[PDB]
Amino acid sequence: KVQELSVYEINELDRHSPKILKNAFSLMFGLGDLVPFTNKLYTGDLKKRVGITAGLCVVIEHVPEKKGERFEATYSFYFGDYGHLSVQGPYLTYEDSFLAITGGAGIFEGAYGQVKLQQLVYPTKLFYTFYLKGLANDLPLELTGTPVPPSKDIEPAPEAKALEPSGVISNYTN
Amino acid sequence: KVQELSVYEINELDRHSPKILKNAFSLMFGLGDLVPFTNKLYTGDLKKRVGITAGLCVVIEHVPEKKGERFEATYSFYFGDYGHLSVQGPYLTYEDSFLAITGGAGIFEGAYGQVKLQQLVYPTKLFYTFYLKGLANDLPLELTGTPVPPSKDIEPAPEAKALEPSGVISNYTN
Amino acid sequence: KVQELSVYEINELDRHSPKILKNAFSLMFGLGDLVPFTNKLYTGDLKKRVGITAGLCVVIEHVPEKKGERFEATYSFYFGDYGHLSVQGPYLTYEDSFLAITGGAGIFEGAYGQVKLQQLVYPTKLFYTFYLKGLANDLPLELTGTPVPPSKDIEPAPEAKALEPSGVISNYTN
Ligand SMILES: CCCCC[C@@H]1O[C@@H]1C/C=C\CCCCCCCC(=O)O
Ligand SMILES: CCCCC[C@@H]1O[C@@H]1C/C=C\CCCCCCCC(=O)O
């Protein structure tokens with residue numbers, strides 16, 4: 001059985017991210033350029049802070065006909081005491097993509113499948129949908145609420161942004 | 001149930017690849033050196049362009065007794081609209097190796113197993129055989145034509161090098 | 001069926017490791033800093049040299065209230081002629097963590113699950129317990145001797161440090 005899990009990734013500009021390591025000779029992004037990053041992670045219903053994203057984007061090429069970039073990404077999604085999911089695959093600044101779920105830990109031990117990446121604001125807001133197989137149990141209800149409709153206007157609940165107990169999961173990752 | 005999938009990876013020198021980020025003190029390759037890369041990918045029977053490889057080789061050490069290098073590699077194999085496969089493991093410039101299949105997306109959702117890497121011409125021609133488990137369906141026939149036996153003299157079909165419709169899969173990755 | 005596999009990772013200061021690639025505008029580790037590394041790997045009972053670790057630590061943040069750093073790690077564990085295990089997930093210099101097992105090769109083909117990381121001496125001694133699922137066979141006896149309980153004072157057997165045949169596995173990775 002497949003369990004669907006959606007989350008919002010938001011860059012609130014307070015984690016030094018992204019860091020651009022410019023090694024390609026061009027003013028535009030190119031092969032050689034490396035981009036370590038870490039953003040905040042919220043539930044799909046935007047009610048609770050769950051953790052962070054964390055990893056590395058490797059520039060593969062500039063795509064002038066689409067006015068954007070192709071990256072190859074290696075990173076994880078942290079859900080506090082619930083554990084984490086790890087992924088590998090493409091991030092295209094100009095269109096949606098699917099990444100491979102490489103594994104997980106905690107409640108995500110044994111995870112496999114794929115995840116859809118949808119960019120809403122380049123690069124500060126993204127919406128993910130994980131198609132999770134291999135989990136030992138049903139996902140906890142506080143992670144499976146109906147998602148807010150994805151758009152460039154989405155915002156976390158005020159309590160979540162402010163890190164009030166009602167707006168965070170237990171030991172949310174920071 | 002294992003499904004064998006073979007592909008040829010070819011560096012045609014038109015993707016700015018490899019990019020060498022030389023940070024080690026050694027005059028030879030050494031720990032600290034990083035090599036982002038992206039090559040072209042063709043079917044095992046060399047009749048069609050399918051996509052690209054994309055990722056990062058991390059130098060681990062120079063191996064002077066073998067006149068070559070050990071890399072630790074993290075990268076993906078793209079097959080146009082069919083999806084992609086992701087891998088992790090050793091790339092040794094001086095001998096064949098096996099890498100882990102970390103997962104996949106599209107028709108490769110659920111992929112697991114190992115892949116054999118055989119270098120045919122250093123650094124421009126490599127042959128892979130994926131021993132794929134976990135897939136939902138039989139691989140499409142377009143991808144499973146009988147492979148050309150590997151040797152240093154192999155070449156992709158002229159029509160595939162020229163990107164003619166009969167020499168590419170639909171929406172091949174580039 | 002879970003098979004537990006424990007190993008010790010030791011930096012004996014003879015592999016040029018770790019290599020720090022400094023890009024954060026900070027005296028402390030920060031986002032932008034990259035750390036390619038490779039350490040020696042010994043069996044859990046400390047009787048035998050098996051191989052090496054090899055990969056990349058990506059700094060995510062300095063955590064001053066915990067007097068340590070958060071890294072995102074992508075790397076492999078090499079076991080000589082037996083094959084390798086690959087992983088993805090968090091390395092926290094200040095506490096234990098669990099990483100995803102992303103896959104394997106050789107006798108580790110098909111591996112999945114999670115692995116516990118325990119730091120013993122920062123940064124030179126670590127202990128791991130892999131909770132391995134998906135393997136084709138029982139692990140070989142020379143890898144599954146009763147582990148030495150982790151403590152800061154552990155040392156590999158003298159025969160293993162001296163690379164005598166009784167203290168190594170066949171074709172131990174180096
Ligand atoms: C793979 C998922 C990535 C999620 C977004 C995360 O931010 C990374 C994306 C990597 C590179 C995007 C590049 C955009 C450049 C603008 C940033 C401004 C700056 O701080 O210099
Ligand atoms: C993910 C497992 C880590 C294994 C330990 C291996 O050594 C790498 C860990 C990466 C970074 C540790 C930081 C070392 C700082 C040492 C300071 C001294 C120096 O500048 O050489």
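Letters go in sequence order (proteins before strands), and every chain restarts at 1. Counting convention: from 1, in listed order, for ligands and their atoms alike.
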Checklist entry - Which ligand 2 atoms are under 4.0 Å away from a heavy-atom of C:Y128? => result 2 (C)
Checklist entry - Under 4.0 Å from atom 3 (C) of ligand 2, is there any protein heavy atom? => result yes
Checklist outcome for this item: Here the atoms of ligand 2 under 4.0 Å from any heavy atom belonging to C:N39 are 4 (C), 5 (C), 6 (C), 7 (O)
Next on the checklist: Under a 4.0 angstrom heavy-atom cut-off, which atoms of ligand 1 come close to A:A73?
Outcome noted: 1 (C)
Item to check | Under 4.0 Å to a heavy atom of A:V35 - the qualifying atoms of ligand 1, by number | outcome: 10 (C), 11 (C)
Next on the checklist: Ignoring hydrogens and geometry beyond distance, is a side-chain donor-acceptor pair present between A:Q88 and C:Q88 at under 3.5 Å?
Outcome noted: no
Checklist entry - Stepwise, does the side-chain contact (heavy atoms from CB on, under 4.5 Å) test hold for C:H62 with C:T93? => result CA-CA 10 Å; C:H62 179 65; C:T93 62; over 6 Å; no
Item to check | Heavy atom of the protein closest to atom 15 (C) of ligand 1 (residue, atom name, distance) | outcome: A:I20 CD1, 4.0 Å
Checklist entry - Protein heavy-atom contact under 4.0 Å for atom 17 (C) of ligand 2? => result no
Checklist entry - Say you draw a straight line from NE2 of C:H84 to CZ of C:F79; how long is it, rounded to the nearest 0.5 Å? => result 10.5 Å
Checklist entry - So, are B:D33 and C:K19 salt-bridged, with charged N and O less than 4.0 Å apart? => result no
Checklist entry - Any heavy atom of A:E9 sitting closer than 4.0 Å to ligand 1? => result yes
Checklist entry - Does a donor on one side chain sit under 3.5 Å from an acceptor on the other, for B:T74 and A:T74? => result no
Checklist entry - Any idea which of C:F71, C:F37, C:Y91, C:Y122 brings a heavy atom closest to atom 8 (C) of ligand 2? => result C:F37
Checklist entry - With the threshold set at 4.0 Å, does a side-chain nitrogen-carboxylate oxygen contact exist between B:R15 and A:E61? => result yes
Item to check | Greater than 12 external heavy atoms within 6.0 Å of A:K66's NZ | outcome: no
Next on the checklist: One thing to verify: whether A:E109 and C:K133 come together as a salt bridge, which I'm taking to mean a side-chain N less than 4.0 angstrom from a carboxylate O.
Outcome noted: yes
Checklist entry - Where is the nearest protein heavy atom to atom 20 (O) of ligand 1: which residue, which atom, and how far? => result A:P18 O, 3.5 Å
Checklist outcome for this item: Counting from 1 in the order shown, the ligand 1 atoms closer than 4.0 Å to a non-hydrogen atom of A:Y75 are 1 (C), 2 (C)
Next on the checklist: Closer than 4.0 Å to some heavy atom of C:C57 - which atoms of ligand 2 meet that?
Outcome noted: 1 (C)
